[PDB]
Amino acid sequence: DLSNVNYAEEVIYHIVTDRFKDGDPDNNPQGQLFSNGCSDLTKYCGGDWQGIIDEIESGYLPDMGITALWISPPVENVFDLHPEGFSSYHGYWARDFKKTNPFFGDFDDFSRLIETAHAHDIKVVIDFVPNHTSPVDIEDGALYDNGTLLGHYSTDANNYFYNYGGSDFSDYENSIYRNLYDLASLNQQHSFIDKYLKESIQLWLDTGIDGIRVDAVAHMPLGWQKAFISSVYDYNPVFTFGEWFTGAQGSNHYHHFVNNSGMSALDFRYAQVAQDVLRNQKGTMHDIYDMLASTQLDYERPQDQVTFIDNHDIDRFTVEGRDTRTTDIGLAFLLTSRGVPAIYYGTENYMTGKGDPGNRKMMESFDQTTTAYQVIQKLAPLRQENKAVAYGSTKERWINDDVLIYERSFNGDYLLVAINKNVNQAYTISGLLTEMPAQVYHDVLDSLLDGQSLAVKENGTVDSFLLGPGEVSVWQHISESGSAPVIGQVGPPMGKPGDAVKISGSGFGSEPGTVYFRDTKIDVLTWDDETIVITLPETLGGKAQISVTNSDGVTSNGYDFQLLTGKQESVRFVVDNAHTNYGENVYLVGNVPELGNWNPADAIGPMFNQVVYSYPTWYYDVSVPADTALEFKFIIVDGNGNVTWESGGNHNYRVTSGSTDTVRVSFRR
Ligand SMILES: [Ca+2]
Ligand SMILES: [Ca+2]
Ligand SMILES: [Ca+2]
Ligand SMILES: [Ca+2]
Ligand SMILES: [Ca+2]
Ligand SMILES: [Ca+2]
Ligand SMILES: [Cl-]
Ligand SMILES: [Cl-]
Ligand SMILES: [Cl-]
Ligand SMILES: [Cl-]
Ligand SMILES: [Cl-]
Ligand SMILES: [Cl-]
Ligand SMILES: [Cl-]
Ligand SMILES: [Cl-]
Ligand SMILES: [Cl-]
Ligand SMILES: [Cl-]
Ligand SMILES: [Cl-]
Ligand SMILES: [Cl-]
Ligand SMILES: [Cl-]
Ligand code: NA
């Protein structure tokens with residue numbers, strides 16, 4: 001029930017369904033859609049759900065130590081080729097969100113996949129693509145609803161799609177409302193389509209999926225996404241994260257998504273720096289730690305982000321013609337770092353390939369004897385047994401250009417990892433300090449990567465040792481049920497009053513103490529040392545801290561939580577006749593915390609004014625509580641943050657729920 005809201009202890013294995021294993025040749029496409037031997041990487045090669053099942057049953061997947069399978073969209077895709085030859089093998093060209101892609105299997109096959117994975121305590125995460133259907137030149141973006149045609153893109157009579165110009169090299173607004181490439185953009189703000197997408201995700205939730213990866217989150221309004229994910233949490237909460245492509249430093253909009261959307265993201269900052277330094281020999285370990293420190297600060301919930309060192313949209317981590325020890329090192333780093341690690345299928349067998357679709361070759365073999373496979377076997381389990389790995393912060397204990405020694409800790413549990421990325425040089429490590437208790441520690445990798453023991457003294461010091469070329473050593477300390485409560489994760493990370501939420505950590509004690517949101521006491525459903533289930537309080541919402549006090553009276557760290565006012569709907573706010581001077585933007589502010597609780601510092605915006613409406617009309621799609629008295633005003637804010645308020649009284653509105661809405665006013669000057 002809340003069994004899927006916390007992935008901190010999971011290790012994800014990411015499969016491109018068509019490219020993993022053809023378990024059922026009979027469901028293979030025939031003719032131009034199919035590539036025999038997978039010689040044309042733009043076509044279907046035959047990988048299917050039976051193939052994944054086969055590799056669970058054989059032990060290949062569960063024996064690796066992975067605990068979750070993240071797979072391609074399971075929904076029916078277009079059956080014709082793009083005019084340039086491209087096929088829908090990847091699942092991102094939907095035609096019916098209520099049906100299976102019959103090339104992957106039927107609903108019975110899907111159920112068998114779910115049942116088989118669950119039988120081995122493996123979770124199943126699916127891609128979900130609410131942004132678009134298919135390339136417009138194939139079938140005019142055809143959308144079906146369990147076999148019933150809803151409509152097409154170019155001939156759209158019901159505003160089911162967005163049909164705006166462009167776009168090339170877009171700004172944020174254009175990135176959202178104009179088409180992604182040549183893909184038919186769904187109009188999520190249209191009540192019928194919003195309802196359809198909700199019915200669709202609910203169907204898949206009903207099949208037993210355990211998590212969702214939302215595609216193209218950089219191309220949909222954050223307000224719509226917040227309302228949508230809130231409805232997912234209402235219905236059947238599962239861990240949800242989005243793919244927002246970005247670079248080492250991320251971006252303003254990316255960070256807002258990570259911290260404010262209600263879901264987490266793929267950690268592209270982590271991935272891009274790992275590729276820079278480890279894969280491509282750009283920069284040094286100093287760049288890796290800069291990234292760790294920076295992201296620890298910038299992300300409200302580092303433990304919720306999904307980390308990776310490669311994926312379906314960047315170069316394979318394994319470089320052709322190079323010592324594969326580097327991939328082993330990359331995996332060790334990934335598995336012991338903060339955030340939920342996602343291993344890309346075939347990394348463990350050193351598959352190579354640059355770009356798309358070069359990075360999506362057919363799974364080569366199923367070799368359990370690679371060093372990489374063994375590395376995963378040794379380290380994946382740590383996340384379930386050691387709370388420092390699942391929830392801990394990160395500290396640098398030793399560093400030079402080639403070496404990083406980092407420590408994670410959580411309520412008395414510890415991890416210490418030493419990595420030397422230079423395969424040609426060894427380094428003498430002197431002056432190392434650690435907070436781990438005094439004792440001799442043995443390498444968790446069992447010297448798989450040339451690791452060694454560590455003797456820690458009472459004062460935290462360690463005798464000099466030689467860190468060999470390409471060496472990784474992993475050391476850990478696990479303590480009993482900690483003293484002092486510490487919260488490691490809260491899931492879902494957002495909710496409305498009455499919603500059940502799970503607080504995970506340790507040191508809570510065996511008997512109910514107290515839980516608070518801000519200064520409001522919360523109802524406890526269940527309580528043990530590592531897990532407390534609560535129901536969210538009816539009190540002023542917004543982003544505030546949840547804190548736990550044990551029965552001994554000791555209070556925990558505060559943990560950021562987003563309390564909603566009620567059931568959310570995506571509402572487009574439109575304001576006419578809002579003239580601004582250069583450098584100024586219009587923002588929306590209002591009574592409920594969804595609208596900033598009257599605080600300009602927390603206002604919604606800057607609003608848009610190019611695509612759906614034109615200046616001096618501005619607009620924005622905002623998640624607001626339904627069946628709630630809303631009062632709001634628009635403000636004009638300059639580059640220094642100076643605020644000028646709309647004159648007169650508040651605009652009042654009440655969203656008579658069950659659907660998206662639009663509310664429109666004229667700016668009072
Ligand atoms: Ca097949
Ligand atoms: Ca079977
Ligand atoms: Ca058609
Ligand atoms: Ca869009
Ligand atoms: Ca309609
Ligand atoms: Ca030296
Ligand atoms: Cl549960
Ligand atoms: Cl062929
Ligand atoms: Cl993108
Ligand atoms: Cl450099
Ligand atoms: Cl060298
Ligand atoms: Cl310290
Ligand atoms: Cl919710
Ligand atoms: Cl106790
Ligand atoms: Cl207990
Ligand atoms: Cl500006
Ligand atoms: Cl004020
Ligand atoms: Cl009310
Ligand atoms: Cl109107
Ligand atoms: Na919003």
# chains A, B, ... in the order shown; residues from 1 in each chain; ligands from 1
call {"tool": "residues_around", "arguments": {"residues": "residue 146 (chain A)", "least_positions_apart": "6", "cutoff": "7 Å", "atoms": "only C-alpha atoms", "output": "VMD selection string"}}
result
chain A and resid 96 98 to 99
call {"tool": "write_last_selection", "arguments": {"atoms": "N, CA and C atoms", "output": "CSV table (one decimal), in the first residue's frame"}}
result
chain,number,residue,atom,x,y,z
A,96,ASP,N,-2.6,4.2,-28.1
A,96,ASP,CA,-3.7,3.8,-27.1
A,96,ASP,C,-3.1,3.5,-25.8
A,98,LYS,N,-4.5,2.6,-23.2
A,98,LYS,CA,-5.3,1.6,-22.4
A,98,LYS,C,-5.0,0.2,-22.9
A,99,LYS,N,-4.2,0.0,-23.9
A,99,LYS,CA,-3.9,-1.3,-24.4
A,99,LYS,C,-2.4,-1.6,-24.4
call {"tool": "select_by_dssp", "arguments": {"residues": "region 338-556 of chain A", "states": "helix (DSSP H, G or I)", "output": "JSON, numbers by chain"}}
result
{"A": [347, 348, 349, 371, 372, 373, 374, 375, 376, 377, 378, 379, 382, 383, 384, 385, 387, 388, 389, 390, 391]}
call {"tool": "write_last_selection", "arguments": {"atoms": "N, CA and C atoms", "output": "compact mmCIF listing (two decimals), in the first residue's frame"}}
result
# COMPACT_ATOMS: atom_id res chain seq x y z
N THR A 347 25.38 -2.90 -19.08
CA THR A 347 26.57 -2.30 -18.47
C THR A 347 27.41 -3.41 -17.87
N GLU A 348 26.73 -4.38 -17.26
CA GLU A 348 27.38 -5.44 -16.51
C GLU A 348 28.11 -6.43 -17.40
N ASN A 349 27.85 -6.34 -18.70
CA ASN A 349 28.54 -7.15 -19.70
C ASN A 349 29.38 -6.26 -20.64
N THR A 371 33.34 -9.27 -13.81
CA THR A 371 33.66 -8.55 -12.59
C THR A 371 32.50 -7.61 -12.25
N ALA A 372 31.96 -6.95 -13.27
CA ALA A 372 30.88 -5.99 -13.07
C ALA A 372 29.65 -6.62 -12.43
N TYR A 373 29.27 -7.80 -12.90
CA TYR A 373 28.13 -8.53 -12.33
C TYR A 373 28.39 -8.83 -10.86
N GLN A 374 29.62 -9.25 -10.54
CA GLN A 374 29.98 -9.55 -9.17
C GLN A 374 30.03 -8.29 -8.29
N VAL A 375 30.44 -7.17 -8.87
CA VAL A 375 30.46 -5.91 -8.15
C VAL A 375 29.05 -5.55 -7.71
N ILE A 376 28.09 -5.69 -8.62
CA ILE A 376 26.69 -5.41 -8.31
C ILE A 376 26.20 -6.37 -7.22
N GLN A 377 26.58 -7.64 -7.32
CA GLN A 377 26.18 -8.63 -6.33
C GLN A 377 26.64 -8.25 -4.93
N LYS A 378 27.85 -7.71 -4.84
CA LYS A 378 28.41 -7.38 -3.53
C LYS A 378 27.85 -6.08 -2.97
N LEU A 379 27.57 -5.12 -3.84
CA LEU A 379 27.20 -3.79 -3.35
C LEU A 379 25.70 -3.48 -3.31
N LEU A 382 23.91 -3.61 0.06
CA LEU A 382 24.25 -2.65 1.11
C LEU A 382 23.11 -1.67 1.37
N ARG A 383 22.37 -1.33 0.32
CA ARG A 383 21.32 -0.32 0.44
C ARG A 383 20.19 -0.80 1.34
N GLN A 384 20.06 -2.11 1.49
CA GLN A 384 18.98 -2.68 2.28
C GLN A 384 19.42 -2.94 3.71
N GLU A 385 20.73 -3.05 3.93
CA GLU A 385 21.23 -3.40 5.26
C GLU A 385 21.91 -2.24 5.98
N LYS A 387 21.90 1.86 6.53
CA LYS A 387 21.09 3.07 6.32
C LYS A 387 21.92 4.26 5.86
N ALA A 388 23.22 4.23 6.09
CA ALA A 388 24.09 5.27 5.55
C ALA A 388 24.09 5.25 4.02
N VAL A 389 24.02 4.06 3.43
CA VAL A 389 24.01 3.97 1.97
C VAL A 389 22.67 4.45 1.40
N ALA A 390 21.58 4.06 2.06
CA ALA A 390 20.25 4.42 1.60
C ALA A 390 19.93 5.90 1.83
N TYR A 391 20.31 6.43 2.99
CA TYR A 391 19.82 7.75 3.43
C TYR A 391 20.90 8.77 3.77
call {"tool": "closest_atom_pairs", "arguments": {"of": "region 293-376 of chain A", "to": "region 472-476 of chain A", "cutoff": "9 Å", "atoms": "only C-alpha atoms", "output": "JSON lines"}}
result
{"residue": "A:329", "atom": "CA", "partner": "A:472", "partner_atom": "CA", "distance": 6.8}
{"residue": "A:332", "atom": "CA", "partner": "A:472", "partner_atom": "CA", "distance": 7.6}
{"residue": "A:333", "atom": "CA", "partner": "A:472", "partner_atom": "CA", "distance": 8.8}
{"residue": "A:336", "atom": "CA", "partner": "A:474", "partner_atom": "CA", "distance": 8.6}
call {"tool": "select_by_dssp", "arguments": {"residues": "region 557-625 of chain A", "states": "strand (DSSP E)", "output": "JSON, numbers by chain"}}
result
{"A": [559, 560, 561, 562, 563, 568, 569, 570, 571, 572, 573, 574, 575, 576, 585, 586, 587, 588, 589, 590, 618, 619, 620, 621, 622, 623, 624, 625]}
call {"tool": "write_last_selection", "arguments": {"atoms": "N, CA, C and O atoms", "output": "CSV table (one decimal), in the first residue's frame"}}
result
chain,number,residue,atom,x,y,z
A,559,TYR,N,12.3,17.2,8.2
A,559,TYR,CA,12.4,16.7,6.8
A,559,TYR,C,11.3,17.4,6.0
A,559,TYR,O,10.2,17.4,6.3
A,560,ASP,N,11.8,18.1,4.9
A,560,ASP,CA,10.9,18.8,4.0
A,560,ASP,C,9.7,18.0,3.6
A,560,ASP,O,9.9,16.9,3.1
A,561,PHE,N,8.5,18.6,3.7
A,561,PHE,CA,7.3,17.9,3.2
A,561,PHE,C,6.4,19.0,2.6
A,561,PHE,O,6.3,20.1,3.1
A,562,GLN,N,5.7,18.6,1.5
A,562,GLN,CA,4.8,19.5,0.9
A,562,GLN,C,3.3,19.1,1.1
A,562,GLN,O,2.8,18.2,0.6
A,563,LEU,N,2.7,19.9,2.0
A,563,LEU,CA,1.3,19.6,2.4
A,563,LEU,C,0.4,20.4,1.5
A,563,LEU,O,0.4,21.7,1.4
A,568,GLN,N,-6.2,18.2,-5.9
A,568,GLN,CA,-5.7,19.2,-6.9
A,568,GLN,C,-6.4,19.1,-8.2
A,568,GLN,O,-6.7,18.0,-8.7
A,569,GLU,N,-6.5,20.3,-8.9
A,569,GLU,CA,-6.9,20.3,-10.3
A,569,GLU,C,-5.9,21.3,-11.0
A,569,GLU,O,-5.5,22.3,-10.4
A,570,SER,N,-5.6,21.0,-12.3
A,570,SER,CA,-4.8,21.9,-13.0
A,570,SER,C,-5.7,23.1,-13.6
A,570,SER,O,-6.6,22.8,-14.4
A,571,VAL,N,-5.4,24.3,-13.2
A,571,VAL,CA,-6.2,25.4,-13.6
A,571,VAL,C,-5.4,26.5,-14.3
A,571,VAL,O,-4.4,26.9,-13.8
A,572,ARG,N,-5.8,26.8,-15.5
A,572,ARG,CA,-5.1,27.8,-16.3
A,572,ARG,C,-5.6,29.2,-15.8
A,572,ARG,O,-6.8,29.5,-16.0
A,573,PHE,N,-4.7,30.0,-15.2
A,573,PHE,CA,-5.1,31.4,-14.8
A,573,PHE,C,-4.7,32.3,-16.0
A,573,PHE,O,-3.5,32.2,-16.5
A,574,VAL,N,-5.6,33.1,-16.4
A,574,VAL,CA,-5.4,34.1,-17.5
A,574,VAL,C,-5.7,35.5,-17.0
A,574,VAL,O,-6.7,35.7,-16.4
A,575,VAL,N,-4.8,36.4,-17.2
A,575,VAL,CA,-5.0,37.8,-16.8
A,575,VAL,C,-4.8,38.7,-18.0
A,575,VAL,O,-3.7,38.6,-18.7
A,576,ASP,N,-5.8,39.5,-18.4
A,576,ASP,CA,-5.7,40.4,-19.5
A,576,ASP,C,-5.3,41.8,-19.1
A,576,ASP,O,-5.4,42.2,-17.9
A,585,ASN,N,7.9,41.1,-14.8
A,585,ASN,CA,7.0,40.0,-15.1
A,585,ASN,C,5.8,39.9,-14.2
A,585,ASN,O,5.9,40.4,-13.1
A,586,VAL,N,4.8,39.3,-14.7
A,586,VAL,CA,3.6,39.2,-13.9
A,586,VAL,C,3.6,37.8,-13.2
A,586,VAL,O,4.1,36.8,-13.7
A,587,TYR,N,3.2,37.8,-11.9
A,587,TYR,CA,3.2,36.6,-11.1
A,587,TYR,C,1.8,36.5,-10.5
A,587,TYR,O,1.1,37.5,-10.4
A,588,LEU,N,1.4,35.3,-10.0
A,588,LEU,CA,0.1,35.1,-9.4
A,588,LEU,C,0.3,34.7,-7.9
A,588,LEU,O,1.2,33.9,-7.6
A,589,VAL,N,-0.4,35.4,-7.1
A,589,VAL,CA,-0.3,35.1,-5.6
A,589,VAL,C,-1.7,35.0,-5.0
A,589,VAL,O,-2.6,35.7,-5.5
A,590,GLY,N,-1.9,34.2,-4.0
A,590,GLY,CA,-3.2,34.0,-3.4
A,590,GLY,C,-3.2,33.4,-2.0
A,590,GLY,O,-2.2,33.1,-1.5
A,618,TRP,N,-1.5,37.4,-20.0
A,618,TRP,CA,-0.5,36.4,-19.5
A,618,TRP,C,-1.3,35.2,-19.0
A,618,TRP,O,-2.5,35.3,-18.7
A,619,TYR,N,-0.6,34.1,-18.9
A,619,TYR,CA,-1.3,32.9,-18.5
A,619,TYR,C,-0.3,31.9,-17.8
A,619,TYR,O,0.9,32.0,-18.0
A,620,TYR,N,-0.8,31.0,-17.0
A,620,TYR,CA,0.0,29.9,-16.4
A,620,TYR,C,-0.9,28.8,-15.9
A,620,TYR,O,-2.0,29.1,-15.4
A,621,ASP,N,-0.5,27.6,-16.0
A,621,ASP,CA,-1.2,26.4,-15.5
A,621,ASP,C,-0.8,26.1,-14.1
A,621,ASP,O,0.4,25.8,-13.9
A,622,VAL,N,-1.7,26.1,-13.2
A,622,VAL,CA,-1.4,26.0,-11.8
A,622,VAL,C,-2.2,24.9,-11.1
A,622,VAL,O,-3.4,24.8,-11.3
A,623,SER,N,-1.5,24.1,-10.3
A,623,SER,CA,-2.2,23.1,-9.4
A,623,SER,C,-2.8,23.8,-8.2
A,623,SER,O,-2.1,24.4,-7.4
A,624,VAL,N,-4.1,23.8,-8.2
A,624,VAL,CA,-4.8,24.4,-7.0
A,624,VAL,C,-5.9,23.5,-6.4
A,624,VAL,O,-6.3,22.5,-7.1
A,625,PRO,N,-6.2,23.7,-5.2
A,625,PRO,CA,-7.2,22.8,-4.5
A,625,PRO,C,-8.6,23.0,-5.0
A,625,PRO,O,-9.0,24.2,-5.2
call {"tool": "residues_around", "arguments": {"residues": "region 38-51 of chain A", "least_positions_apart": "4", "cutoff": "7 Å", "atoms": "only C-alpha atoms", "output": "JSON, numbers by chain"}}
result
{"A": [17, 18, 19, 20, 21, 22, 23, 24, 25, 28, 33, 34, 55, 86, 87, 89, 103, 104, 105, 109, 110, 113, 357, 361, 362]}
call {"tool": "residues_near_ligand", "arguments": {"ligand": "ligand 9", "cutoff": "8 Å", "atoms": "only C-alpha atoms and all ligand atoms", "output": "mmCIF file with C-alpha atoms, in the first residue's frame"}}
result
data_model
loop_
_atom_site.group_PDB
_atom_site.id
_atom_site.type_symbol
_atom_site.label_atom_id
_atom_site.label_comp_id
_atom_site.auth_asym_id
_atom_site.auth_seq_id
_atom_site.Cartn_x
_atom_site.Cartn_y
_atom_site.Cartn_z
ATOM 1 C CA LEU A 180 8.651 18.149 -29.242
ATOM 2 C CA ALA A 216 9.360 14.725 -21.186
ATOM 3 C CA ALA A 218 10.703 19.477 -19.261
ATOM 4 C CA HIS A 219 7.930 19.901 -21.850
ATOM 5 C CA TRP A 244 14.552 16.186 -17.410
ATOM 6 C CA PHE A 245 17.674 16.269 -19.561
#
call {"tool": "residues_around", "arguments": {"residues": "residue 95 (chain A)", "least_positions_apart": "6", "cutoff": "6 Å", "atoms": "only C-alpha atoms", "output": "number ranges by chain"}}
result
A: 76-78, 133, 142-144
call {"tool": "write_last_selection", "arguments": {"atoms": "C-alpha atoms", "output": "CSV table (one decimal), in the first residue's frame"}}
result
chain,number,residue,atom,x,y,z
A,76,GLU,CA,0.2,0.3,-27.7
A,77,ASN,CA,2.3,2.2,-30.2
A,78,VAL,CA,1.9,3.1,-33.8
A,133,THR,CA,1.2,10.4,-29.1
A,142,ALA,CA,-4.0,9.1,-33.8
A,143,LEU,CA,-5.2,8.7,-30.3
A,144,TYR,CA,-7.5,5.7,-29.3
call {"tool": "closest_residue", "arguments": {"among": "A:654, A:395, A:354, A:669", "to": "ligand 18", "atoms": "only C-alpha atoms and all ligand atoms"}}
result
A:654
call {"tool": "closest_residue", "arguments": {"among": "A:581, A:659, A:111, A:642", "to": "ligand 5", "atoms": "only C-alpha atoms and all ligand atoms"}}
result
A:659
call {"tool": "residues_near_ligand", "arguments": {"ligand": "ligand 5", "cutoff": "12 Å", "atoms": "only C-alpha atoms and all ligand atoms", "output": "PyMOL selection string"}}
result
chain A and resi 150-151+156-161+187+189-196+659
call {"tool": "residues_near_ligand", "arguments": {"ligand": "ligand 16", "cutoff": "10 Å", "atoms": "only C-alpha atoms and all ligand atoms", "output": "VMD selection string"}}
result
chain A and resid 582 to 585 606 637 to 639
call {"tool": "closest_residue", "arguments": {"among": "A:667, A:507, A:612, A:553", "to": "ligand 15", "atoms": "only C-alpha atoms and all ligand atoms"}}
result
A:507
call {"tool": "atom_distance", "arguments": {"atom1": "CA of residue 496 (chain A)", "atom2": "CA of residue 5 (chain A)"}}
result
15.6 Å
call {"tool": "residues_near_ligand", "arguments": {"ligand": "ligand 12", "cutoff": "10 Å", "atoms": "only C-alpha atoms and all ligand atoms", "output": "PyMOL selection string"}}
result
chain A and resi 395-397+407+433-435
call {"tool": "decode", "arguments": {"residues": "region 74-134 of chain A", "atoms": "C-alpha atoms", "output": "PDB file, in the first residue's frame"}}
result
ATOM      1  CA  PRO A  74       4.045  -0.878 -22.136  1.00  0.00           C
ATOM      2  CA  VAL A  75       1.282   0.893 -24.102  1.00  0.00           C
ATOM      3  CA  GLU A  76       0.177   0.264 -27.679  1.00  0.00           C
ATOM      4  CA  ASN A  77       2.338   2.201 -30.151  1.00  0.00           C
ATOM      5  CA  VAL A  78       1.924   3.081 -33.818  1.00  0.00           C
ATOM      6  CA  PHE A  79       2.349   0.132 -36.185  1.00  0.00           C
ATOM      7  CA  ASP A  80       3.712   2.051 -39.185  1.00  0.00           C
ATOM      8  CA  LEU A  81       7.232   3.348 -39.768  1.00  0.00           C
ATOM      9  CA  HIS A  82       8.307   6.979 -39.765  1.00  0.00           C
ATOM     10  CA  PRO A  83       8.857   8.140 -43.371  1.00  0.00           C
ATOM     11  CA  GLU A  84      12.606   8.104 -42.604  1.00  0.00           C
ATOM     12  CA  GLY A  85      12.533   4.473 -41.463  1.00  0.00           C
ATOM     13  CA  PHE A  86      12.272   4.890 -37.685  1.00  0.00           C
ATOM     14  CA  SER A  87      10.060   2.446 -35.762  1.00  0.00           C
ATOM     15  CA  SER A  88       8.236   2.633 -32.419  1.00  0.00           C
ATOM     16  CA  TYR A  89      10.431  -0.096 -30.891  1.00  0.00           C
ATOM     17  CA  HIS A  90      11.166   2.220 -27.965  1.00  0.00           C
ATOM     18  CA  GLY A  91       7.516   2.592 -26.913  1.00  0.00           C
ATOM     19  CA  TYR A  92       7.478   6.393 -26.928  1.00  0.00           C
ATOM     20  CA  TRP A  93       4.972   6.735 -29.787  1.00  0.00           C
ATOM     21  CA  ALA A  94       1.668   5.832 -28.138  1.00  0.00           C
ATOM     22  CA  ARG A  95      -1.597   5.331 -29.987  1.00  0.00           C
ATOM     23  CA  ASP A  96      -3.654   3.789 -27.139  1.00  0.00           C
ATOM     24  CA  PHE A  97      -2.756   4.245 -23.466  1.00  0.00           C
ATOM     25  CA  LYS A  98      -5.332   1.602 -22.445  1.00  0.00           C
ATOM     26  CA  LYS A  99      -3.854  -1.305 -24.434  1.00  0.00           C
ATOM     27  CA  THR A 100      -0.563  -3.212 -24.490  1.00  0.00           C
ATOM     28  CA  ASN A 101       2.046  -3.019 -27.221  1.00  0.00           C
ATOM     29  CA  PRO A 102       1.289  -6.450 -28.689  1.00  0.00           C
ATOM     30  CA  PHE A 103       4.927  -6.836 -29.733  1.00  0.00           C
ATOM     31  CA  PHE A 104       5.894  -6.853 -26.042  1.00  0.00           C
ATOM     32  CA  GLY A 105       2.903  -9.019 -25.092  1.00  0.00           C
ATOM     33  CA  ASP A 106      -0.788  -9.004 -24.153  1.00  0.00           C
ATOM     34  CA  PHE A 107      -2.285  -8.146 -20.751  1.00  0.00           C
ATOM     35  CA  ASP A 108      -1.846 -11.768 -19.668  1.00  0.00           C
ATOM     36  CA  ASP A 109       1.873 -11.573 -20.484  1.00  0.00           C
ATOM     37  CA  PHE A 110       2.145  -8.310 -18.583  1.00  0.00           C
ATOM     38  CA  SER A 111       0.417  -9.837 -15.560  1.00  0.00           C
ATOM     39  CA  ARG A 112       2.835 -12.758 -15.671  1.00  0.00           C
ATOM     40  CA  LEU A 113       5.737 -10.311 -15.710  1.00  0.00           C
ATOM     41  CA  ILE A 114       4.353  -8.482 -12.670  1.00  0.00           C
ATOM     42  CA  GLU A 115       3.667 -11.763 -10.853  1.00  0.00           C
ATOM     43  CA  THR A 116       7.104 -13.181 -11.675  1.00  0.00           C
ATOM     44  CA  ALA A 117       8.970 -10.041 -10.585  1.00  0.00           C
ATOM     45  CA  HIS A 118       6.941  -9.762  -7.379  1.00  0.00           C
ATOM     46  CA  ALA A 119       7.589 -13.442  -6.645  1.00  0.00           C
ATOM     47  CA  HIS A 120      11.274 -12.522  -6.413  1.00  0.00           C
ATOM     48  CA  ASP A 121      10.723  -9.246  -4.523  1.00  0.00           C
ATOM     49  CA  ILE A 122      11.528  -7.260  -7.640  1.00  0.00           C
ATOM     50  CA  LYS A 123       9.542  -4.063  -8.278  1.00  0.00           C
ATOM     51  CA  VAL A 124       8.422  -3.029 -11.771  1.00  0.00           C
ATOM     52  CA  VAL A 125       8.723   0.585 -12.931  1.00  0.00           C
ATOM     53  CA  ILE A 126       7.185   1.645 -16.263  1.00  0.00           C
ATOM     54  CA  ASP A 127       7.887   4.616 -18.521  1.00  0.00           C
ATOM     55  CA  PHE A 128       4.793   6.796 -19.034  1.00  0.00           C
ATOM     56  CA  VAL A 129       4.592   9.459 -21.739  1.00  0.00           C
ATOM     57  CA  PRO A 130       1.677  11.899 -21.190  1.00  0.00           C
ATOM     58  CA  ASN A 131       3.210  14.562 -23.441  1.00  0.00           C
ATOM     59  CA  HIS A 132       2.456  13.215 -26.886  1.00  0.00           C
ATOM     60  CA  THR A 133       1.240  10.420 -29.078  1.00  0.00           C
ATOM     61  CA  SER A 134       3.268   9.856 -32.248  1.00  0.00           C
TER      62      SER A 134
END
